[PDB]
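Take a look at the structure below.
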Amino acid sequence: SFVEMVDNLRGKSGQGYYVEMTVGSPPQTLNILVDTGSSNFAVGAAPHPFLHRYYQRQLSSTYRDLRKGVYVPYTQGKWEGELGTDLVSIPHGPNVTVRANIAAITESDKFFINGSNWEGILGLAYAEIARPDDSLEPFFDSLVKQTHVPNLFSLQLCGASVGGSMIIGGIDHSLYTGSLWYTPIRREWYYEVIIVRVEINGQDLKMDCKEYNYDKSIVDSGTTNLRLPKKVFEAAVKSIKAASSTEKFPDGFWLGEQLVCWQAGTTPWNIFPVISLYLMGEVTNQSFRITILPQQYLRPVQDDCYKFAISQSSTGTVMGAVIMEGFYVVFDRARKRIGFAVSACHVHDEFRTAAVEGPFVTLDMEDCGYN
Ligand SMILES: CCc1ccc2c(c1)[C@@H](NC[C@@H](O)[C@@H]1Cc3cccc(c3)CCCCCCCC(=O)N1)CC1(CCC1)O2
């Protein structure tokens with residue numbers, strides 16, 4: 001059953017997690033970035049100095065041109081290419097083969113990354129943000145539609161070169177401890193959610209909860225950092241400076257420009273505080289919280305070096321890998337909800353741990369959303 005999928009993700013820190021797939025007949029093999037923050041399936045389809053493999057569609061008897069072009073801009077980076085369809089499968093995935101839309105990438109800028117080991121991207125989000133428009137069915141919808149695979153997947157992202165598991169079609173109990181807690185998908189476009197309270201070492205940040213969701217808050221495996229709206233980010237960096245003022249670090253540290261280090265095994269984890277996000281629950285006035293350690297928001301790179309992986313955004317809250325690596329995360333599309341549980345590959349600290357706890361009580365959670 002789901003064991004076949006356990007450990008099917010690999011990666012380099014800060015360059016995403018990818019899963020092996022094949023496209024066309026005879027099977028061509030590629031490593032595909034797993035991206036809950038977008039919704040196209042796209043693949044290098046012509047030489048590029050950072051690809052060492054690409055989809056040669058001349059060689060596939062199942063290739064079908066759709067004779068349209070397509071374009072997709074990400075946060076930094078973008079590509080254009082040629083749309084068609086072909087047959088796709090996931091070797092360490094369910095035992096099945098589908099006809100999926102596929103963008104053949106013909107040009108790009110700052111998309112592909114020097115020796116990342118992946119050659120395309122699997123957008124796992126919803127049609128609403130697909131390019132060219134919402135009518136280009138994304139991979140997972142084609143998968144669900146053509147097979148009997150249930151409409152959910154789960155992700156266990158391990159930090160520290162990295163690995164994890166993408167379980168397609170269900171939940172694997174070996175990948176987590178404690179219970180799952182769920183938050184409603186507010187709208188099916190990105191995996192959007194509502195954060196209703198933020199605390200840093202015990203203390204509310206005390207803003208209107210709307211500022212947490214200003215624009216939107218999304219769960220995005222293709223983003224590295226915890227990204228926060230300006231006002232919130234400012235507020236969270238004050239409080240993380242104050243919690244840790246035992247030592248002072250440059251400014252390029254807090255802007256993520258420069259690293260910080262300590263003799264191997266000396267990192268003063270205890271001076272850095274836990275962050276808690278409280279998320280909208282399943283029941284009336286009910287929330288739960290996820291807590292993350294400094295071992296998550298200080299990304300590593302004879303002394304131990306780290307980058308501050310909380311960054312400013314003008315485009316909403318992004319719960320990226322920093323946040324996901326704490327937990328097993330269940331994208332339960334069928335019930336419109338996202339599950340969090342403590343991960344089995346949690347980055348454990350001697351005196352504290354990453355947690356998912358509830359219930360808590362929070363009034364007017366719907367009003368924390370932005371319109
Ligand atoms: C619809 C396409 C799109 C456009 C903008 C965009 C998003 C999606 C959201 N998802 C970001 C994610 O798709 C990409 C995927 C990606 C692309 C290229 C390379 C990677 C990862 C590997 C990681 C490189 C460093 C992080 C790059 C951030 C990013 O844009 N990730 C995240 C947001 C919406 C809030 C910020 O911005």
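Chain labels follow the order of the structure tokens: the first chain is A, the next B, and so on; residue numbering restarts at 1 in every chain, and ligands are counted from 1 in their shown order.
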Could you report the residues within 9 Å of ligand 1, using only C-alpha atoms and all ligand atoms, as a PyMOL selection string?
chain A and resi 14-17+33-40+72-78+110-113+116+120-121+123+125+129-131+190+215-225+227+313-318+320
Selection from above, N, CA and C atoms, as a compact mmCIF listing (two decimals), in the first residue's frame, can you write it?
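Saved to part-v4.txt:
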```txt
# COMPACT_ATOMS: atom_id res chain seq x y z
N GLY A 14 17.14 24.16 0.26
CA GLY A 14 16.77 25.47 -0.32
C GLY A 14 16.54 25.48 -1.83
N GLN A 15 16.56 24.32 -2.45
CA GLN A 15 16.36 24.12 -3.88
C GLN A 15 15.22 23.12 -4.19
N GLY A 16 14.36 22.88 -3.20
CA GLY A 16 13.15 22.09 -3.34
C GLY A 16 13.32 20.60 -3.18
N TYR A 17 12.20 19.90 -3.07
CA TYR A 17 12.17 18.47 -2.97
C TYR A 17 11.61 17.98 -4.26
N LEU A 33 10.39 18.50 -9.25
CA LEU A 33 10.01 19.34 -8.09
C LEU A 33 8.52 19.25 -7.75
N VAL A 34 8.27 18.99 -6.48
CA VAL A 34 6.92 18.80 -5.96
C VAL A 34 6.54 20.13 -5.36
N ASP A 35 5.51 20.77 -5.94
CA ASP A 35 5.15 22.18 -5.65
C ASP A 35 3.67 22.38 -5.30
N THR A 36 3.34 22.44 -4.02
CA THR A 36 1.95 22.74 -3.68
C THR A 36 1.56 24.21 -3.92
N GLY A 37 2.51 25.05 -4.31
CA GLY A 37 2.23 26.45 -4.55
C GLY A 37 1.98 26.82 -6.03
N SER A 38 1.80 25.86 -6.91
CA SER A 38 1.46 26.23 -8.28
C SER A 38 0.73 25.05 -8.85
N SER A 39 0.43 25.10 -10.14
CA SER A 39 -0.58 24.20 -10.68
C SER A 39 -0.35 23.75 -12.09
N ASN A 40 0.79 24.10 -12.68
CA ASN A 40 1.24 23.46 -13.91
C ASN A 40 2.28 22.38 -13.71
N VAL A 72 4.55 31.01 -17.34
CA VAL A 72 4.35 30.97 -15.90
C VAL A 72 5.49 31.68 -15.20
N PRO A 73 5.16 32.74 -14.47
CA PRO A 73 6.05 33.45 -13.59
C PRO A 73 5.88 33.01 -12.13
N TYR A 74 6.97 32.63 -11.51
CA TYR A 74 7.01 32.36 -10.07
C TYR A 74 7.60 33.61 -9.38
N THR A 75 7.94 33.49 -8.12
CA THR A 75 8.33 34.58 -7.25
C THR A 75 9.56 35.32 -7.78
N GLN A 76 10.58 34.54 -8.09
CA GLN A 76 11.69 34.94 -8.92
C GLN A 76 11.60 33.81 -9.91
N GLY A 77 11.96 34.08 -11.14
CA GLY A 77 12.03 32.97 -12.13
C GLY A 77 10.76 32.66 -12.89
N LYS A 78 10.92 32.16 -14.11
CA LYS A 78 9.81 31.95 -15.00
C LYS A 78 10.26 31.18 -16.19
N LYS A 110 16.24 32.14 -14.65
CA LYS A 110 16.43 31.92 -13.21
C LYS A 110 15.36 30.95 -12.63
N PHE A 111 15.08 29.88 -13.38
CA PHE A 111 14.15 28.87 -12.96
C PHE A 111 14.93 27.63 -12.54
N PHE A 112 15.50 26.96 -13.54
CA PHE A 112 16.43 25.85 -13.35
C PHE A 112 17.58 26.36 -12.51
N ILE A 113 18.18 25.45 -11.74
CA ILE A 113 19.18 25.86 -10.75
C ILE A 113 20.42 25.01 -10.92
N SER A 116 20.77 21.10 -9.46
CA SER A 116 19.73 20.80 -8.44
C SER A 116 19.32 19.32 -8.48
N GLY A 120 11.95 19.47 -13.97
CA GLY A 120 10.60 20.03 -14.12
C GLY A 120 9.93 20.24 -12.77
N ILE A 121 8.65 20.56 -12.82
CA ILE A 121 7.88 20.97 -11.68
C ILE A 121 6.46 20.42 -11.89
N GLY A 123 2.99 21.14 -10.39
CA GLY A 123 2.18 22.04 -9.58
C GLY A 123 1.04 21.24 -9.00
N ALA A 125 -1.35 22.43 -7.00
CA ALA A 125 -2.49 23.23 -6.57
C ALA A 125 -3.60 23.15 -7.60
N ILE A 129 -5.32 28.61 -10.63
CA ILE A 129 -4.05 29.34 -10.89
C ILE A 129 -3.16 28.76 -11.98
N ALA A 130 -3.70 27.81 -12.71
CA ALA A 130 -3.06 27.26 -13.89
C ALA A 130 -2.97 28.32 -14.98
N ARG A 131 -1.87 28.29 -15.72
CA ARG A 131 -1.67 29.02 -16.92
C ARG A 131 -1.86 28.01 -18.04
N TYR A 190 -4.60 28.56 -4.51
CA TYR A 190 -3.48 28.05 -3.72
C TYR A 190 -4.15 27.23 -2.64
N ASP A 215 -3.32 39.75 2.04
CA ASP A 215 -3.36 39.12 0.77
C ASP A 215 -4.03 37.76 0.96
N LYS A 216 -3.29 36.84 1.57
CA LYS A 216 -3.62 35.40 1.64
C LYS A 216 -2.47 34.71 2.40
N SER A 217 -2.78 33.62 3.11
CA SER A 217 -1.80 32.69 3.66
C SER A 217 -1.95 31.35 2.95
N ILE A 218 -0.81 30.83 2.50
CA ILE A 218 -0.81 29.60 1.76
C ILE A 218 0.24 28.66 2.25
N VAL A 219 -0.01 27.36 2.00
CA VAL A 219 0.95 26.28 2.32
C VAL A 219 1.65 25.88 1.05
N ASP A 220 2.96 26.17 0.96
CA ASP A 220 3.71 26.11 -0.30
C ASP A 220 5.05 25.32 -0.17
N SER A 221 5.07 24.09 -0.59
CA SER A 221 6.26 23.25 -0.53
C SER A 221 7.35 23.73 -1.49
N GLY A 222 7.00 24.53 -2.49
CA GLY A 222 8.02 25.07 -3.43
C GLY A 222 8.68 26.36 -2.91
N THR A 223 8.28 26.86 -1.74
CA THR A 223 8.93 28.03 -1.16
C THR A 223 9.78 27.56 0.01
N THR A 224 10.96 28.13 0.17
CA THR A 224 11.86 27.71 1.25
C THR A 224 11.49 28.32 2.58
N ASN A 225 11.12 29.58 2.60
CA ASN A 225 11.14 30.28 3.86
C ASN A 225 9.75 30.34 4.44
N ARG A 227 7.53 33.16 4.95
CA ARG A 227 7.45 34.50 4.48
C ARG A 227 6.25 35.17 5.11
N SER A 313 7.48 39.57 2.86
CA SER A 313 6.68 39.44 1.67
C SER A 313 5.75 40.59 1.57
N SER A 314 5.37 40.93 0.34
CA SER A 314 4.37 41.97 0.04
C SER A 314 3.19 41.24 -0.63
N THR A 315 3.25 39.92 -0.57
CA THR A 315 2.33 39.11 -1.34
C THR A 315 1.66 37.99 -0.51
N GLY A 316 1.55 38.21 0.81
CA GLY A 316 0.85 37.29 1.71
C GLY A 316 1.78 36.45 2.58
N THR A 317 1.21 35.61 3.45
CA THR A 317 2.01 34.65 4.23
C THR A 317 2.26 33.38 3.47
N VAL A 318 3.51 32.97 3.48
CA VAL A 318 3.90 31.73 2.83
C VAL A 318 4.50 30.78 3.86
N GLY A 320 6.26 27.97 3.92
CA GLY A 320 7.06 27.10 3.07
C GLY A 320 7.75 25.99 3.82
```
Contacts of stretch 58-63 of chain A within 8 Å, only C-alpha atoms, excl. fewer than 4 positions in-chain, as a PyMOL selection string
chain A and resi 24-26+84-87
Would you mind exporting the chosen residues as a PDB file, in the first residue's frame, restricted to C-alpha atoms?
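Contents of again29.pdb, as written:
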```
ATOM      1  CA  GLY A  24       5.910   9.288 -22.668  1.00  0.00           C
ATOM      2  CA  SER A  25       6.376   5.843 -24.204  1.00  0.00           C
ATOM      3  CA  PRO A  26       9.029   4.479 -24.003  1.00  0.00           C
ATOM      4  CA  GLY A  84       0.784  19.018 -25.185  1.00  0.00           C
ATOM      5  CA  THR A  85      -0.191  15.733 -23.587  1.00  0.00           C
ATOM      6  CA  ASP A  86       1.570  12.497 -22.894  1.00  0.00           C
ATOM      7  CA  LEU A  87       1.546   9.530 -20.562  1.00  0.00           C
TER       8      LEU A  87
END
```
Please identify which residues in stretch 123-358 of chain A DSSP calls strand (DSSP E or B) from the backbone, and express them as number ranges by chain.
A: 123, 153-157, 162-168, 176-184, 188, 191-193, 195-200, 203-204, 217-219, 226-229, 260-263, 275-280, 286-292, 298-300, 303-308, 310-313, 317-319, 327-332, 337-343, 355-358
Show which residues sit within 8 Å of residue A:199, as a PyMOL selection string. Count only C-alpha atoms, and ignore same-chain residues fewer than 2 positions away.
chain A and resi 197+201-205+275-277
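Between atom CA of residue A:167 and atom CA of residue A:143 there is a distance of 13.7 Å.
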Would you kindly return, as a compact mmCIF listing (two decimals) with N, CA, C and O atoms, in the first residue's frame, each protein, DNA or RNA residue with an atom no farther than 9 Å from any atom of residue A:302, considering only C-alpha atoms and excluding same-chain residues fewer than 5 positions away?
```
# COMPACT_ATOMS: atom_id res chain seq x y z
N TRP A 262 29.01 29.06 14.51
CA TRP A 262 29.43 28.76 15.88
C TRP A 262 30.30 27.49 15.80
O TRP A 262 30.13 26.71 14.85
N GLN A 263 31.22 27.26 16.73
CA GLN A 263 32.06 26.05 16.62
C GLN A 263 31.09 24.89 16.66
O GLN A 263 30.16 24.89 17.48
N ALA A 264 31.32 23.91 15.79
CA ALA A 264 30.43 22.76 15.64
C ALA A 264 29.86 22.30 16.97
O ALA A 264 30.60 22.06 17.90
```
Determine which residues of stretch 194-359 of chain A receive a DSSP assignment of helix (DSSP H, G or I), computed from the backbone, and state them as a PyMOL selection string.
chain A and resi 209-213+230-243+269-271+294-297+321-324
Written selection (N, CA, C and O atoms) as a short mmCIF file (atom, residue, chain, number, x, y, z; two decimals), in the first residue's frame:
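Below you can see selection.cif, which holds the result:
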```cif
data_model
loop_
_atom_site.label_atom_id
_atom_site.label_comp_id
_atom_site.auth_asym_id
_atom_site.auth_seq_id
_atom_site.Cartn_x
_atom_site.Cartn_y
_atom_site.Cartn_z
N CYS A 209 -5.69 40.15 13.50
CA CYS A 209 -5.31 38.89 12.89
C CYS A 209 -5.34 39.00 11.35
O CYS A 209 -4.56 38.36 10.70
N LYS A 210 -6.15 39.89 10.78
CA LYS A 210 -6.12 40.15 9.32
C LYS A 210 -4.76 40.41 8.72
O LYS A 210 -4.56 40.11 7.57
N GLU A 211 -3.84 41.02 9.47
CA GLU A 211 -2.55 41.39 8.95
C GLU A 211 -1.72 40.13 8.71
O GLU A 211 -0.79 40.17 7.92
N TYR A 212 -2.05 39.04 9.42
CA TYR A 212 -1.46 37.71 9.18
C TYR A 212 -1.82 37.10 7.83
O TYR A 212 -1.04 36.34 7.25
N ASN A 213 -3.01 37.45 7.33
CA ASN A 213 -3.50 36.89 6.11
C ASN A 213 -3.56 37.92 5.01
O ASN A 213 -4.27 37.74 4.01
N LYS A 230 5.14 42.41 5.51
CA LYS A 230 5.97 43.50 6.09
C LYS A 230 5.69 43.85 7.55
O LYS A 230 6.58 43.75 8.40
N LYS A 231 4.47 44.29 7.85
CA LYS A 231 4.17 44.72 9.22
C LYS A 231 4.42 43.56 10.21
O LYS A 231 5.02 43.75 11.25
N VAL A 232 4.01 42.36 9.82
CA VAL A 232 4.12 41.18 10.68
C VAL A 232 5.59 40.80 10.82
O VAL A 232 6.08 40.53 11.92
N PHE A 233 6.29 40.81 9.70
CA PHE A 233 7.72 40.47 9.66
C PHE A 233 8.50 41.41 10.53
O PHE A 233 9.25 40.98 11.40
N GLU A 234 8.29 42.70 10.37
CA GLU A 234 8.89 43.68 11.29
C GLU A 234 8.60 43.29 12.73
O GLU A 234 9.52 43.25 13.56
N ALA A 235 7.34 42.96 13.01
CA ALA A 235 6.96 42.71 14.39
C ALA A 235 7.62 41.44 14.92
O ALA A 235 7.94 41.30 16.11
N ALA A 236 7.88 40.50 14.03
CA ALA A 236 8.40 39.22 14.47
C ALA A 236 9.89 39.26 14.62
O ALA A 236 10.48 38.49 15.38
N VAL A 237 10.52 40.14 13.86
CA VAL A 237 11.94 40.33 14.01
C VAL A 237 12.28 41.16 15.25
O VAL A 237 13.26 40.84 15.89
N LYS A 238 11.50 42.17 15.62
CA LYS A 238 11.69 42.85 16.93
C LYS A 238 11.77 41.79 18.03
O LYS A 238 12.76 41.70 18.78
N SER A 239 10.73 40.98 18.11
CA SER A 239 10.54 40.06 19.22
C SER A 239 11.59 38.92 19.23
O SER A 239 11.98 38.47 20.29
N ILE A 240 12.06 38.50 18.06
CA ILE A 240 13.14 37.51 17.95
C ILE A 240 14.54 38.14 18.24
O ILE A 240 15.49 37.44 18.67
N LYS A 241 14.69 39.43 17.97
CA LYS A 241 15.90 40.16 18.40
C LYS A 241 15.94 40.23 19.93
O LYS A 241 16.94 39.88 20.53
N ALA A 242 14.82 40.64 20.53
CA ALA A 242 14.72 40.80 21.98
C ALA A 242 14.85 39.49 22.74
O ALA A 242 15.53 39.43 23.74
N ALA A 243 14.21 38.42 22.25
CA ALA A 243 14.38 37.14 22.89
C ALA A 243 15.82 36.72 22.87
O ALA A 243 16.28 36.05 23.78
N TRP A 269 20.89 27.33 20.65
CA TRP A 269 19.49 27.17 20.26
C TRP A 269 18.54 27.81 21.25
O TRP A 269 17.61 28.47 20.85
N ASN A 270 18.81 27.59 22.55
CA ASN A 270 17.98 28.09 23.69
C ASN A 270 17.73 29.63 23.73
O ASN A 270 16.73 30.09 24.31
N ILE A 271 18.61 30.43 23.14
CA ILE A 271 18.38 31.89 23.14
C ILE A 271 17.39 32.34 22.06
O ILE A 271 16.82 33.44 22.14
N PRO A 294 13.66 27.15 16.52
CA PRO A 294 14.76 27.81 15.79
C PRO A 294 15.50 26.85 14.89
O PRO A 294 15.99 27.27 13.84
N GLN A 295 15.57 25.59 15.26
CA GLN A 295 16.15 24.61 14.34
C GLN A 295 15.42 24.56 12.96
O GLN A 295 15.96 23.94 12.03
N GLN A 296 14.21 25.13 12.83
CA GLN A 296 13.51 25.23 11.54
C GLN A 296 13.72 26.56 10.86
O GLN A 296 13.91 26.58 9.67
N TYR A 297 13.64 27.68 11.57
CA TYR A 297 13.78 28.96 10.92
C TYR A 297 15.22 29.49 10.76
O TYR A 297 15.40 30.62 10.30
N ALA A 321 8.85 25.51 3.26
CA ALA A 321 9.46 24.29 3.76
C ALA A 321 9.91 24.41 5.21
O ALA A 321 9.88 23.47 5.95
N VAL A 322 10.29 25.60 5.62
CA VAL A 322 10.69 25.88 6.98
C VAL A 322 9.62 25.39 7.93
O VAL A 322 9.88 24.82 9.01
N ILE A 323 8.40 25.67 7.52
CA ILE A 323 7.30 25.36 8.32
C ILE A 323 6.92 23.93 8.13
O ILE A 323 6.66 23.25 9.09
N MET A 324 6.93 23.44 6.90
CA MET A 324 6.50 22.08 6.65
C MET A 324 7.43 20.98 7.22
O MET A 324 7.00 19.87 7.50
#
```
With only C-alpha atoms as the basis for distance, which of A:366, A:93, A:52, A:103 is at the shortest distance from residue A:66?
A:103
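Distances from A:361, A:355, A:136, A:19 to residue A:293 were compared using only C-alpha atoms, and the smallest one belongs to A:355.
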